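FYI, side chains are in, hydrogens and waters are out, and symmetry mates aren't considered; it's all heavy atoms of this structure. Lettering of chains follows the sequences in order, A, B, ..., and the numbering in each one begins at 1.
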Amino acid sequence: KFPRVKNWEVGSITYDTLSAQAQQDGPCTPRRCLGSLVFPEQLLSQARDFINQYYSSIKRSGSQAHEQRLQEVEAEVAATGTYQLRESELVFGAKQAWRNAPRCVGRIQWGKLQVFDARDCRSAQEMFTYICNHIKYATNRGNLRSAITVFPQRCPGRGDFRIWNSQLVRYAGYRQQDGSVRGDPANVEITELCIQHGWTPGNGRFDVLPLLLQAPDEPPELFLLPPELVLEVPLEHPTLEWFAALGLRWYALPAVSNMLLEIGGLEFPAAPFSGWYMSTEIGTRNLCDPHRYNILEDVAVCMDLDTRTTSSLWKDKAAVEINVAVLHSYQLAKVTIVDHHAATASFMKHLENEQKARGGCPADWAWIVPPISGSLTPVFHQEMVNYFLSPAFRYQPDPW
Amino acid sequence: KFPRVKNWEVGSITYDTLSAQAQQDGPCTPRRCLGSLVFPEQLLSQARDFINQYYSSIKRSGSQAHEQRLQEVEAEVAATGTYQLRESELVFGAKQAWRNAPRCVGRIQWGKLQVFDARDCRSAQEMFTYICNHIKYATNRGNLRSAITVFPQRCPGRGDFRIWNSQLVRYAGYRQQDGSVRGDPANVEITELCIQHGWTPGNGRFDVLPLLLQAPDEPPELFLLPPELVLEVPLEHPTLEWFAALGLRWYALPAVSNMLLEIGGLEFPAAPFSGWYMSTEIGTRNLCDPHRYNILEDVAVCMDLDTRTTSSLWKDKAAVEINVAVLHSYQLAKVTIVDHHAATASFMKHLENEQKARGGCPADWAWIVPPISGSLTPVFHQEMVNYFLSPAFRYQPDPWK
Ligand code: HEM
Ligand code: HEM
Ligand SMILES: O=[N+]([O-])c1cccc2cn[nH]c12
Ligand SMILES: O=[N+]([O-])c1cccc2cn[nH]c12
Ligand SMILES: [Zn+2]
């Protein structure tokens with residue numbers, strides 16, 4: 001009926017009544033759980049539900065304006081096979097999509113999202129202008145502001161606007177001869193696509209990639225981000241003097257650009273969004289994942305730890321100092337950053353706010369709990385319920 | 001139809017075909033996932049399936065022996081509502097239950113399990129003797145050996161044998177008149193139950209609780225484990241000289257005693273089992289959980305860390321050193337223990353073995369990934385499929401509730 005969830009640190013229980021409202025199917029069945037896996041009339045039912053959500057949000061549900069809107073969309077769909085959202089609806093929908101993202105621990109900030117309407121975009125060049133503007137606004141010289149820029153919706157019998165890059169700012173990954181990768185291993189494919197489309201590659205570990213922007217029915221076009229718009233942070237450790245010499249750095253702006261935004265049945269294949277970094281994403285995942293920069297052993301060796309035996313907990317010790325270096329460096333550079341303890345505590349507050357506001361909150365435990373020191377944070381001890389609500393952000397296949 | 005699971009570190013992909021054989025329903029539905037939540041004709045089909053499993057295991061499927069077995073089990077259930085397992089079947093069944101435990105990261109060891117048959121136990125006193133013998137064998141002076149002791153099965157006509165304690169060795173949790181708890185806060189209820197039943201309590205932080213054992217339809221009885229049978233390890237740190245002054249310690253043997261063992265439709269409400277500790281369970285959960293010993297702040301302060309701000313990562317640093325103290329202490333005392341890196345690496349080998357052997361393996365990601373340094377272990381990057389197979393270890397309601 002209603003999932004009963006317990007917080008094991010306090011013993012409190014709540015019921016996630018919002019889950020009974022889940023609009024789409026997940027991959028689990030009563031026979032087996034797949035929670036750990038990373039990956040016309042229908043349009044109308046989704047559109048109506050969304051319009052209903054919008055009017056409820058402004059406390060005008062059941063009004064003649066609400067009825068008029070419903071009829072307006074039904075008419076548009078009959079006449080064109082699709083419909084258009086009003087600016088206020090787009091803004092509400094984009095905020096709801098963030099609010100609804102089960103894997104995001106930074107949702108306490110959902111209501112403060114700044115939504116840029118780029119549905120008037122006509123070309124790859126105009127896209128670029130929007131992207132540079134988003135980066136300038138969002139970065140704000142270190143005092144980051146959450147934002148999303150929404151490009152034109154998917155339309156039948158017309159290609160999509162697409163940003164080939166996974167994030168607005170990413171480091172190149174160069175296949176070396178010996179099979180190794182110089183730079184970020186996660187970006188080998190996009191790096192090679194950029195080279196193929198005319199980019200002259202660098203040869204460093206932290207070379208900022210160019211953007212491959214695609215306008216409807218046009219091949220992707222290459223654009224170089226002005227270095228003055230890309231704020232970066234050189235990494236140093238507060239006590240380990242040699243850390244700075246490793247030459248490690250990371251960018252200030254985490255801007256996912258390959259996800260699809262769905263609002264009332266409409267799809268926006270290009271709608272880059274950005275907030276600010278939770279330190280573990282950089283320190284633990286980006287820098288320490290075995291398939292990423294994999295710097296753990298290199299750092300442990302510099303700290304002079306016994307890397308001969310697992311029981312010395314050399315990996316754990318190195319990891320903690322790498323995260324300390326990240327936090328210390330961003331704070332020194334005056335660039336917004338949140339540590340995993342502060343972030344998880346704010347998420348517990350978000351859960352409480354949502355229990356009061358909607359009677360629940362879709363949350364994916366495996367993604368909410370940080371990659372290091374999980375049980376040292378409050379979210380680890382909190383049972384969660386994962387489900388799909390729309391508006392939403394969804395994964396989509398790469399354009400190539 | 002078959003779940004595709006990927007390892008993100010290697011890139012490799014496998015399909016869990018074993019999952020299609022899931023024997024019972026979990027809590028998830030297509031609408032919502034609840035994986036993070038901690039908690040006659042029927043008998044016949046489960047019994048026949050178990051017998052089929054046993055015969056396949058000894059490569060005699062379809063033999064006359066297999067056929068007679070099925071008929072005998074059917075005859076017994078038809079006449080009595082239950083049946084008698086053979087000794088070899090009980091042994092096979094106990095190992096499969098461990099093998100099938102989704103939340104256990106130590107399953108690489110599933111085939112090496114000593115099974116003590118106690119199905120003819122007739123009293124709480126005899127149950128105590130069986131338990132003392134189990135603890136003795138399992139502890140083996142520090143060279144721990146996996147074991148399980150199986151008490152009489154549940155059956156029509158009488159109540160069940162039950163062990164009230166959650167583990168054979170646990171520390172008392174005393175409510176202080178001030179609302180705080182001395183000892184282990186997780187054990188306040190069982191501690192109070194022991195006192196209610198006749199136990200005059202101690203007043204320490206690490207007082208081994210007496211066993212509260214119950215024979216069918218009788219009030220539980222109290223028994224105190226001879227101290228010489230309970231091996232403990234005093235905690236010290238290899239470089240932090242003051243750590244030893246905290247007076248911390250932990251027991252050598254992790255022996256879960258409140259789960260029900262299910263084999264071929266038969267249920268064994270009392271069947272305590274034990275292996276050896278994965279260091280984080282002691283260092284991170286038992287000592288650092290806010291609702292447990294909660295020693296993080298005391299340690300960070302003695303380490304002279306800045307506990308006024310979360311961004312100094314004082315919590316993380318202290319936890320790492322507490323785990324270091326646990327590993328160092330057990331290694332020094334010559335008591336078996338395994339760190340989370342070694343344990344997760346072995347479980348990755350287990351997954352590989354099971355893929356070849358059964359075409360899959362039920363695994364609960366949230367429990368397999370250690371409480372600290374999750375992404376630093378290989379299991380974090382391995383997608384998993386969670387499902388129920390029988391024989392199995394299941395949770396059951398407390399005997400007083
Ligand atoms: C304000 C600061 C923010 C923080 C600290 C934050 C943090 C996070 C973290 C830690 C994850 C999990 C990534 C991982 O470790 O695997 C995540 C995922 C996600 N976040 Fe947030 N986030 C923020 C803002 C935003 C904004 C502005 C949006 C959109 C408007 C958003 C949308 C999402 C989505 C859709 C995911 C899932 C991505 C995926 O599954 O690949 N986040 N976020
Ligand atoms: C050989 C050493 C062993 C190690 C290192 C090991 C380790 C673990 C760990 C770390 C957990 C998770 C505990 C938690 O999340 O709090 C677990 C759970 C479990 N283990 Fe093992 N284990 C071992 C042996 C055994 C044996 C001998 C059995 C049974 C015959 C067993 C049965 C189980 C079961 C049923 C669970 C689930 C417990 C629950 O859900 O509360 N384990 N084990
Ligand atoms: O870890 N993060 O901070 C993070 C991860 C994924 C998306 C976004 C957007 N802002 N911050 C994010
Ligand atoms: O953490 N552990 O080592 C652990 C947890 C739960 C049950 C058993 C049995 N042996 N070791 C166990
Ligand atoms: Zn699930």
Flag the one option from [options] with the top tally of heavy-atom pairs under 4.5 Å to chain A.
options                            : answer
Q23(B), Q382(B), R292(B)           : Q23(B)
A342(B), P185(B), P290(B)          : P290(B)
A345(B), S279(B), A22(B)           : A22(B)
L327(B), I372(B), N386(B), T280(B) : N386(B)

Any side-chain heavy atom of [X] within less than 4.5 Å of one from [Y]?
X       : Y       : answer
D289(B) : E9(A)   : no
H340(A) : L313(B) : yes
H341(B) : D316(A) : yes
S373(B) : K315(A) : no
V324(B) : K317(A) : yes

Which bit of [X] comes within less than 4.5 Å of chain A, counting heavy atoms only: side chain, backbone, both or neither?
X       : answer
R285(B) : side chain
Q331(B) : side chain
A366(B) : both
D25(B)  : both
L37(B)  : both
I337(B) : neither

For [X], which atoms come within 4.5 Å of any heavy atom of chain B: side chain, backbone, both, or neither?
X       : result
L376(A) : both
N323(A) : both
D339(A) : side chain
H381(A) : side chain
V38(A)  : both

To the nearest 0.5 Å, tell me how far [X] [atom1] sits from [Y] [atom2].
X       : Y       : atom1 : atom2 : answer
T29(B)  : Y387(A) : OG1   : OH    : 12.0 Å
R32(A)  : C28(B)  : CZ    : SG    : 9.5 Å
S311(B) : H328(A) : OG    : NE2   : 11.0 Å

Q: Return the minimal non-hydrogen interatomic distance between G35(A) and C33(B), and the atom names on each side.
A: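 So the two residues come closest at CA-SG, 4.2 Å.
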Q: Specify which of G26(A), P27(A), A20(A), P378(A) makes the most heavy-atom pairs with chain B at under 4.5 Å.
A: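 Among the listed options, the one with the most contacts to chain B is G26(A).
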Q: Among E383(A), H291(A), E321(A), single out the residue with the greatest number of heavy-atom pairs under 4.5 Å to chain B.
A: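 Ranked by contacts with chain B, first place is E383(A).
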